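Chemist: As they sit in the full assembly, here are the leading chains:
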Amino acid sequence: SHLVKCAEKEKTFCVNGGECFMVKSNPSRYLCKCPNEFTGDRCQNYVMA
């Protein structure tokens, strides 16, 4: 796909168990895959209801 894993330093980006990965894009673009109960760009917030 278009995705690669984050570096050990970059992995710090995601919180609350969010999985950090990057888009293969001159600037770095961080994405997280949040647990079902988490949301926000870094998985910092809980999902309501």
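Modeler: The structure has been received and is ready for your questions. Residues are numbered from 1 along each chain as shown, chains lettered A, B, ... in the order given.
Chemist: make it CA atoms for all contacts and neighbour counts henceforth
Modeler: Noted.
Chemist: In contact with the residue most central in space within chain A, which residues?
Modeler: Compute the mean C-alpha point of chain A, and by C-alpha atoms, centre = their mean the closest residue is residue A:32, 1.6 Å away. Residue A:32 makes contact with A:14, A:18, A:19, A:20, A:21, A:41, A:42, A:43, according to C-alpha atoms under 8 Å, 6 or more residues apart in numbering.
Chemist: outside of the strand or helix carrying the fourth one, which residues touch it?
Modeler: When elements are assigned from DSSP states H and E, residue A:20 belongs to strand A:19-23. With C-alpha under 8 Å, 6+ apart as the test, strand A:19-23 has contacts from A:2-6, A:10-14, A:28-34.
Chemist: at 6 Å instead, please
Modeler: A:2, A:3, A:4, A:5, A:6, A:11, A:14, A:29, A:30, A:31, A:32, A:33 (C-alpha atoms under 6 Å, 6 or more residues apart in numbering).
Chemist: Tell me the one among the residues you listed nearest to residue A:49.
Modeler: Closest to residue A:49 out of the contacts of strand A:19-23 is residue A:33 (19.0 Å), distances taken as C-alpha to C-alpha.
Chemist: how about the contacts of strand A:19-23, which pair is most distant?
Modeler: Maximum distance among the contacts of strand A:19-23 (C-alpha to C-alpha): 18.8 Å, for A:2 and A:14.
Chemist: Neighbour count: those two, which is higher?
Modeler: Neighbours per residue, other C-alpha atoms under 10 Å: of residue A:2 and residue A:14, the larger number sits with residue A:14, 22 against 6.
Chemist: Give the closest residue to the more buried one in space, chain neighbours not counted.
Modeler: Using C-alpha to C-alpha, 6 or more residues apart in numbering and skipping residues adjacent in sequence, the residue nearest residue A:14 is residue A:42, 4.8 Å away.
Chemist: Just say helix, strand or coil for the one you found.
Modeler: Put simply, residue A:42 is coil when judged by DSSP: H, G, I helix; E, B strand; the rest coil.
Chemist: surely it meets residue A:12?
Modeler: No - applying C-alpha atoms under 6 Å as the test, residue A:42 and residue A:12 come out as separate, 9.8 Å apart.
Chemist: more crowded one of these two?
Modeler: residue A:42 (21 against 13).
Chemist: For the residue nearest to the centre of chain A, grab phi and psi.
Modeler: phi -120, psi 150 (degrees, to the nearest 10).
Chemist: how far away is it from residue A:2?
Modeler: According to C-alpha to C-alpha, to the nearest Å, residue A:32 and residue A:2 sit 14 Å apart.
Chemist: As chain B, please add this:
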Amino acid sequence: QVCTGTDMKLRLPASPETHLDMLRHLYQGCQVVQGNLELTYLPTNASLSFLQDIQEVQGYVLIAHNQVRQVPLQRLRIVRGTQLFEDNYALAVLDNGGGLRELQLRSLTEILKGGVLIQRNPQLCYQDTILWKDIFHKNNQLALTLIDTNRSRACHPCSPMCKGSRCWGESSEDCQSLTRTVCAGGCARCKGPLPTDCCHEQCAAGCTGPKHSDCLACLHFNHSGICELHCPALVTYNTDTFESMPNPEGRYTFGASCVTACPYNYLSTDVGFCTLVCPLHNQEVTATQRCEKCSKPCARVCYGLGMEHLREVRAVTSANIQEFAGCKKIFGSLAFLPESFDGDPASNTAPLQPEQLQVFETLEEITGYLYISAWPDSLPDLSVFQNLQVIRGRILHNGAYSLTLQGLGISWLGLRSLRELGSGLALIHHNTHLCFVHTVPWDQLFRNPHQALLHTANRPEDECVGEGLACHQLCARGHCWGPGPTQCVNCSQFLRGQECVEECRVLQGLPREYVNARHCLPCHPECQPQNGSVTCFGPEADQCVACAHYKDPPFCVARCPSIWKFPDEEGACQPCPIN
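Modeler: Chain B added:
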């Protein structure tokens, strides 16, 4: 560029002799009239060329009782009619019979409000030739026209160039243009018959192109060359974050254009309007002035004529003289009419007495005009206003004058504190005993290029000189408000305080002084007079050469205070051993 209009209607001029000069000073070089344009009671061979610059009139245009053949308003494009002459007339031409033959209003393409009244002008040729329907703006208007065709004049047909036989005069340049009745579609104004000739909706008198930057004149509002519906707000609102923000591009609204700041004598506001009035529940605050909201109960406000309960009052009388007691600033005008000093058998109101006028002794500022056409013969001057510093002229008499003195017996003005005439003309006439008019530095009182003094029938300069009546010899530049050393504008020597003197009592005299900015101020009472030398350097007890009694370091003392101290052998106060 911008000047105010007048408010005379068909009233006679106070001074027929200076009436023409008045108009010139008021209108010369003006493009926009912030007021009504009134040209009345003119003589023949009048120098009216100063009117050629006018393009817009915010109010109505009145031309009446003139013997002149023509009035050079060829550049006039709009009569906005904010105020209308009589029965909703924007333009009125009355009794100009000498008399007008041509209108010559070549550029006039728009009237926004009101109709046209042309009557009894027995020379005028083209009052019934103009297609007034085109001139009237698209918007619903009374648009009543009363056209008197009893000209009793053999007039030439419009130039061959004037297709449709519509003209303002006999020349080809006088041919009337049509901006509305010739438009395609529903366009309010056009350059021509095509859709491509339509003017921007914000255009008024017409356009040179399709853009709001191409307008000949603006319909709603002129923003630095661009016709727009509103002036940019000083403070805007963010509808997404629910927050107000400062607007770098915000401007103040003055009349019908944006300004970066309000013109002199106008107040700024937080809504962004320039006003001559500070709205209710606010205060006038200096910095330059602005009108600020009251956060706490507003301060006492003194009012003059034209304001509040005095709006319908013509003059100050014994019935209302007391209302100015304790006032320093009067919001409104003052007027002293024959009826003020005479009695009124109808209302049974007493005449003002000399001792009652003293209520104005504390007066420093008038926001309106000062009109004095009567004055007690026991008062040789207007010194009751000696402490008057500023006349703003926000309200003008006849819409023109901020200071008028007529038919008075005063020998001198005596208004020594008067330093500013914020706006308006000054008129001093028929004061046959009044000398000290030309002795006043009027150019130092005026602020606007459009201000001037008009005068006539005052005491002859030759008579003043013949009797040796002039400014004091110590008076700088010979500029004074009266013959006394106390009435001088500036002193060539020392001011002392309120009297020009040769010197301060520094080296000689019992009541010794010191020099401070050319003023003569007293030495501290505890100070010892120095014969042939400088008694003191200031008013404080520590600024003297020697003590009159003895020292109480650093200050001179008469007797020691009770730390109880006593005068010791040192010649100074020391703490006492007895307690």
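Chemist: now that chain B has been added, could you go back to the contacts of strand A:19-23?
Modeler: Identification of contacts with strand A:19-23 by C-alpha atoms under 6 Å, 6 or more residues apart in numbering or on different chains yields A:2, A:3, A:4, A:5, A:6, A:11, A:14, A:29, A:30, A:31, A:32, A:33.
Chemist: Dump the longest helix belonging to chain B to CSV, keeping only the CA atoms.
Modeler: Counting by DSSP state H, the longest helix found in chain B is helix B:19-27. The C-alpha trace of helix B:19-27 is given here as CSV (Å, rounded to 0.1, in the frame of the first residue of the first chain):
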residue,chain,number,x,y,z
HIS,B,19,-22.8,87.8,1.8
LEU,B,20,-20.9,87.1,-1.4
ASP,B,21,-17.6,86.7,0.5
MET,B,22,-19.4,84.4,2.9
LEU,B,23,-20.4,82.1,0.1
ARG,B,24,-16.9,82.1,-1.4
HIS,B,25,-15.2,81.2,1.8
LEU,B,26,-17.7,78.4,2.5
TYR,B,27,-17.8,76.9,-1.0
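Chemist: after it comes which helix or strand?
Modeler: Going down the chain from helix B:19-27, the next helix or strand is strand B:32-34, by DSSP H and E.
Chemist: other SSEs contacting the helix or strand that that following strand is followed by?
Modeler: Of the helices and strands lying after strand B:32-34 in sequence (DSSP H and E), the nearest is strand B:37-40. Counting contacts by 3 or more C-alpha pairs under 6 Å, 6 or more residues apart in numbering or on different chains; DSSP states H and E, strand B:37-40 is packed against strand B:61-64.
Chemist: What pairs with the helix or strand just after the strand it packs on, parallel or antiparallel?
Modeler: Counting by DSSP H and E, the element after strand B:61-64 in chain order, helix or strand, is strand B:78-79. According to DSSP bridges, strand B:78-79 forms sheet pairs with strand B:56-57 (parallel), strand B:110-111 (parallel).
Chemist: how much space between residue B:109 and residue B:191?
Modeler: As judged by C-alpha to C-alpha, residue B:109 and residue B:191 stand 12 Å apart.
Chemist: and what of residue B:238?
Modeler: 40 Å.
Chemist: quick one on the thing from earlier: make a markdown table out of the strands paired with strand B:78-79 and add mean neighbour count and distance to residue B:17.
Modeler: Output for the strands paired with strand B:78-79, formatted as a markdown table (neighbours: other C-alpha atoms under 10 Å in any protein chain shown; distance: least, C-alpha to C-alpha, whole Å):
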| stretch | mean neighbour count | distance to residue B:17 |
| --- | --- | --- |
| strand B:56-57 | 24 | 26 |
| strand B:110-111 | 28 | 33 |
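Chemist: Make TSV out of those and add distance to residue B:322.
Modeler: What follows is the strands paired with strand B:78-79, written out as TSV (distance: least, C-alpha to C-alpha, whole Å):
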stretch	distance to residue B:322
strand B:56-57	41
strand B:110-111	47
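Chemist: Sequence for chain C below, add it please:
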Amino acid sequence: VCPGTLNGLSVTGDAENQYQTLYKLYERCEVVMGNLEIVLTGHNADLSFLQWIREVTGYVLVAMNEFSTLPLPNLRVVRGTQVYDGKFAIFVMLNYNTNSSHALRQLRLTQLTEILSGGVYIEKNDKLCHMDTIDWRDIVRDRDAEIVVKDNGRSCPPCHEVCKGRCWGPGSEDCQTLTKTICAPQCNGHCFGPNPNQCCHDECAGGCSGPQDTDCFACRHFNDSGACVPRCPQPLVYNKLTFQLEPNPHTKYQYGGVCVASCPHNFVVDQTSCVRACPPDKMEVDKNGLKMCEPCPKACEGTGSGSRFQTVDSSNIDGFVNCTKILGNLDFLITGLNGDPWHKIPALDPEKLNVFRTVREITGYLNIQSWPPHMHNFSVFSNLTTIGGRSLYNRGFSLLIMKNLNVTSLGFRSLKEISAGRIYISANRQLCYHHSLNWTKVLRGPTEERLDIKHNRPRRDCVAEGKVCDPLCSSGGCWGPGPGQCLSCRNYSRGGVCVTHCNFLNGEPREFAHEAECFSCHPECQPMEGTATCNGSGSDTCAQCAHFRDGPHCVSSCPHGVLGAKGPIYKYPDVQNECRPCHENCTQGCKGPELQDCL
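Modeler: So that you can see how it sits with the rest, here is chain C on the chains above:
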């Protein structure tokens, strides 16, 4: 109408979870109050539910997904109040699989008319067609905005011939409609026809069906009962000839883009506008029901949207020192306690939360999603008296308490009202004492649809275990087990604590009633037995004087050497313990009214 999202490119859960989340949020949404973010959506997703979206407040972000079309046929206006990367209102990126099995082919934004702010960025879309067949400058309002349309398609077909070279797709139904670039010179805006007389109103956002301010799709500024206006009707009318300002009998306040007759009770009024907080040089002042901005106090800002702080944290919390009123929201997120290594931010010492014990007012929402494990309450906010609700979480909730594993009670004992918003309390497995609370006494207005207190400790067990509030408390409940946490006491209160009785007729510390609160009697007041000791704490409100009487006042003794308006005052006691003035020739006191009685 719905809240939008703000996750950027990040997603929650797997493809299905993300789809269902998108579905539920926009299921019947016409206006997105935020951004529209579609990322990592599969080709099996049915996105037809987005068909009802007409307006997007923020940006439109579509990236790294695979589906044939983006079904937003009714989208007309993108406001761009939020701009992705700070540059473009619309993003279309990488919408294809690297195995070329699936890709985005069409946008079909056939009704898109105007983008009020931001540019357009369409890049790296191997099979995305008809992107260079759009006259993007017809749509983008900002002439200075960047428009990027580059690597999009290779073998893509031409537009239908009726499209005249401009289309959002291959069909005739996909033809682009131009609204600006085809206008008369006189318009300088969008039109609904080629004629000079067919230009849309200046305040119109997107296209229109006529020349009037009521014929427009959407407003650029304010909506005044159907009309699009540059501003709501101003309080003063300006006279251009006389330079006067006259009262305007018909005014409306600017509120969130709509003109209203009056400002909401929980918003401060700036000069004609309802604002979340006043400008930096102004302070809030209480008037007649309303609060007004006036020409200041400590600008103690909150967290959340409109602030640089996402949470109270180890580097943020010190800002609340000596804070009594928070100008904003207050988020406590997990990272605000555990720390945030991404920014080199250390964990927050839990006891630094005590800084909030001085805060009485929060103008925004209170959002607690994490709370120190040794704390069983939010008593740290016991001083809280009100929640403004001027800003709301997910544009709905003013009070949020979630997943506080060890919290049993709420606290906020001084809390009297919540002026706006919804209340969400859930997943608080230990929270017990909230069950009996009557929210209609706290939350203003109707509450039936605004209360969500589900999925917390079961009431059955809360009560069965005896975890109930002191029974002396009245209907309305408590914020916790104690009488000091009671909303309203059955009898009296002392110090705000629910008590059985006051010491009126007995008790050493004799009291009197005031508003059902027990107040002590004056120190010099004689204790009564069987009747009330006093009717106040004043020296003249006691039934009897315990000592000496000086006129109307009970005193411990008759005064000597007191300075009044007449100089030094000396009085002596009578046999009745009433005080009387000493002889005028007395020294420092007397034993009587006579000269010979002088000391």
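Chemist: once more on the contacts of strand A:19-23, this time with chain C?
Modeler: Residues contacting strand A:19-23 (C-alpha under 6 Å, 6+ apart): A:2, A:3, A:4, A:5, A:6, A:11, A:14, A:29, A:30, A:31, A:32, A:33.
Chemist: Now a PyMOL select for only the buried ones of those.
Modeler: Here is the PyMOL command that selects the buried residues among the contacts of strand A:19-23 (16 or more other C-alpha atoms under 10 Å in any protein chain shown):
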select buried, chain A and resi 6+11+14+30+31+32+33
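Chemist: Any buried residues in stretch B:226-242, and which?
Modeler: For stretch B:226-242, the neighbour count (16+ other C-alpha under 10 Å) marks B:226-239, B:242 as buried.
Chemist: if we take those, which one ends up nearest to chain A?
Modeler: Taking C-alpha to the nearest C-alpha as the measure, chain A sits nearest to residue B:242 out of these, at 23.8 Å.
Chemist: these two touch, right, that closest one and residue C:277?
Modeler: No - look at residue B:242 against residue C:277 with C-alpha under 6 Å: they stay out of range, at 8.3 Å.
Chemist: returning to that earlier point: may I have the strands that pair with the strand holding residue A:20, each with its orientation?
Modeler: Here, using DSSP bridges, strand A:19-23 pairs with strand A:3-5 (antiparallel), strand A:30-34 (antiparallel).
Chemist: Just the C-alpha atoms of the lengthiest helix in chain C, please, in PDB.
Modeler: As assigned by DSSP H, the longest helix anywhere in chain C is helix C:15-26. Provided in PDB are the C-alpha atoms of helix C:15-26 (Å, rounded to 0.1, in the frame of the first residue of the first chain):
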ATOM      1  CA  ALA C  15     -12.300  -0.400   7.900                       C
ATOM      2  CA  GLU C  16     -15.800  -1.400   9.000                       C
ATOM      3  CA  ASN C  17     -15.600   0.500  12.300                       C
ATOM      4  CA  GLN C  18     -14.400   3.600  10.400                       C
ATOM      5  CA  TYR C  19     -17.200   3.200   7.900                       C
ATOM      6  CA  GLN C  20     -19.900   2.800  10.500                       C
ATOM      7  CA  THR C  21     -18.600   5.800  12.300                       C
ATOM      8  CA  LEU C  22     -18.800   7.900   9.100                       C
ATOM      9  CA  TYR C  23     -22.200   6.500   8.400                       C
ATOM     10  CA  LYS C  24     -23.700   7.300  11.800                       C
ATOM     11  CA  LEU C  25     -22.400  10.800  11.900                       C
ATOM     12  CA  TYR C  26     -23.500  11.900   8.400                       C
END
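Chemist: Mind listing what's buried along that helix?
Modeler: For helix C:15-26, the neighbour count (16+ other C-alpha under 10 Å) marks C:15, C:18, C:19, C:22, C:23, C:25, C:26 as buried.
Chemist: Quick check: the gap between the first one and residue C:66.
Modeler: According to C-alpha to C-alpha, residue C:15 stands 11 Å off from residue C:66.
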